[PDB]
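# Everything below, folded, please.
(chains A and B)
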Amino acid sequence: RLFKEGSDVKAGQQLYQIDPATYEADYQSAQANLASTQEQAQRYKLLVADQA
Amino acid sequence: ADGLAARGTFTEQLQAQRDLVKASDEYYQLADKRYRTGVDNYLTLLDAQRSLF
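Numbers count the residues shown, from 1 in each chain, chains lettered A, B, ... in the order given. I have put the structure below:
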């Protein structure tokens, strides 16, 4: 728990931590899937300039 | 007459053959671009060179 009780909190201040550990795992999975198709799109953009 | 029949046709035959060589060169250069970019491997780039030769 990351706040002092009875205090004034601002909008967007982090209040707790809910042990990610699984959302971290599927974030790593989605990032790994992104990192190959991003390179494929970047390569096909260079190739489509003269219709390879 | 056989020599003149050869002279009248070998112009079009050589024009077609060197246009075929030019098209194979352009195909090989596009395959070399796909190899330099990263999409194709060396086995396909080498396969285009044999058709060029």
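
# Do I have it right that residue B:37 meets residue A:45?
No - using C-beta atoms under 8 Å, residue B:37 is not in contact with residue A:45, being 9.9 Å away. Any C-beta I mention is one placed from the backbone N, CA and C, and that applies to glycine too.

# Which one's more surrounded, these two?
residue B:37 (15 against 10; other C-beta atoms under 10 Å in any protein chain shown).

# Can you tell me, leaving aside adjacent residues, what's nearest to that one?
residue A:43 (5.2 Å; C-beta to C-beta, 6 or more residues apart in numbering or on different chains).

# same deal with residue A:39?
In space, residue A:39 is closest to residue B:38, 7.8 Å off (C-beta to C-beta, 6+ apart).

# just residue A:44 next, same as before
Nearest to residue A:44 is residue B:39, by C-beta to C-beta, 6+ apart, at 7.8 Å.

# Tell me the spacing between that neighbour and residue B:46.
Separation of residue B:39 from residue B:46 (C-beta to C-beta, to the nearest Å): 15 Å.

# With residue A:5 instead?
Residue A:5 is 71 Å from residue B:46, by C-beta to C-beta.
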